[PDB]
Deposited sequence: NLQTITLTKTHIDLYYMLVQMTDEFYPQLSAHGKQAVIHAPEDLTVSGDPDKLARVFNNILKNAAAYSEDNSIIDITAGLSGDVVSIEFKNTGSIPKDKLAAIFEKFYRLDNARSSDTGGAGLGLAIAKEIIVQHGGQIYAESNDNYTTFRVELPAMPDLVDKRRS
């Protein structure tokens, strides 16, 4: 069993399109269409939906949300980068936008989630074991 990760991210992107276009924002996926990971598909989809919800809420009007997914070594990484900042106290609490469930789902998959924010842009990074 496996997840065709590019088409999972695309279907999520299409669900967020009205929300994003209302503010002139855009999500763009950068990934090998060939990329795959193992895991619970409906659970991983909730992880990515929950992350994009945070990226949408803290992203500036008229900006792009970059979702970069790739394979490097033993790890498949999915990185969400947006323009805009999370308040440092809201960021230090992140683990309707709570990511504690997304984190344990990722933890149960043997992976990790990282969240960073400087005053220009915000990065969410999911790492998962490659097959």
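- Missing from the model relative to the deposited sequence are positions 1-9, 105-121, 158-166 (no C-alpha coordinates, numbering from 1).
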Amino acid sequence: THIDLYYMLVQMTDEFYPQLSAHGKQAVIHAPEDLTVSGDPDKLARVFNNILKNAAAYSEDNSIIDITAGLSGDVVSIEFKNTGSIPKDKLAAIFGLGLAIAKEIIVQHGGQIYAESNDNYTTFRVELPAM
From here on, numbers count along this sequence of modelled residues.
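- Set 98-106 against 59-67 and average the Cα temperature factors; 98-106 ends up higher.
- The stretch with the higher mean CA B factor, choosing between 26-34 and 83-91, is 83-91.
- Taking the deposited Cα B-factors for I51, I78, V75, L44, the highest one is held by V75.
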